Amino acid sequence: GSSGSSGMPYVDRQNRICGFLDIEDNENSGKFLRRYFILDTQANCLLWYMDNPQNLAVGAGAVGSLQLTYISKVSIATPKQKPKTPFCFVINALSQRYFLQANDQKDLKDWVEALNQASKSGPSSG
Numbered sequence: 592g593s594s595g596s597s598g599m600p601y602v603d604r605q606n607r608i609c610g611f612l613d614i615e616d617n618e619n620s621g622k623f624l625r626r627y628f629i630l631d632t633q634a635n636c637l638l639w640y641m642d643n644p645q646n647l648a649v650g651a652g653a654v655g656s657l658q659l660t661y662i663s664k665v666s667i668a669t670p671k672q673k674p675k676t677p678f679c680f681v682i683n684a685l686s687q688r689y690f691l692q693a694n695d696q697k698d699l700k701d702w703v704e705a706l707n708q709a710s711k712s713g714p715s716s717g
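Each residue of the sequence shown is one higher than the one before, starting from 592 at the first, in the numbering used here.
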């Protein structure tokens, strides 16, 4: 482990983000799973639910999750990886790249940003 300090970082309060993305079902090369992704900093993981959790049932859950512990970098995909997509970001983790789709250019960036904030865990954790 060993936690190293930094001179003087910047940015903070990644702030949780929500929306509806389309992750390419691992069980299909073309079909995307439209779920409501929610960048939870407290959980330090990514949870995407069929729909808002406020409409779901207390005894509900997420179709899938993504531990931030994996994610390393969140950059915009490329036409050499997954073209035909304007606002598409690739979540770089251990050594993989998740292809997700955004509604507009905002959500996209935002997400990318949020995913870039929750990943950078700001200046420090907590």
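Virtual Cβ for every residue (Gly too), placed ideally from N, Cα, C.
(1) Give the DSSP bridge partners of residue 625, in chain order.
(2) Is it the case that the Cβ atoms of residue 665 and residue 682 are separated by a distance below 8 Å?
(3) Evaluate the contact criterion for the segment 698–708 versus the segment 616–634: three or more CB pairs, one atom per stretch, below 8 Å.
(4) Would you identify the three-state DSSP class for residue 703, choosing helix, strand or coil?
(5) Compute the distance between the beta-carbons of residue 695 and residue 678, then report whether it is under 8 Å.
A quick look at the data gives this:
(1) The residue you call residue 625 lines up with position 34 of the sequence shown. Beta-bridge pairing links residue 625 to 613.
(2) Position 74 of the sequence shown, counting from 1, holds the residue named residue 665. Position 91 of the sequence shown, counting from 1, holds the residue named residue 682. In this structure, residue 682 lies closer than 8 Å to residue 665 by Cβ.
(3) Three or more beta-carbon pairs separated by less than 8 Å link the segment 698–708 to the segment 616–634, which places the two stretches in contact.
(4) Taking the first residue of the sequence shown as 1, we reach residue 703 at position 112. It is helical.
(5) Here residue 695 corresponds to residue number 104 of the sequence shown, with the count starting at 1. Here residue 678 corresponds to residue number 87 of the sequence shown, with the count starting at 1. Note that the C-beta distance between residue 695 and residue 678 is below 8 Å.
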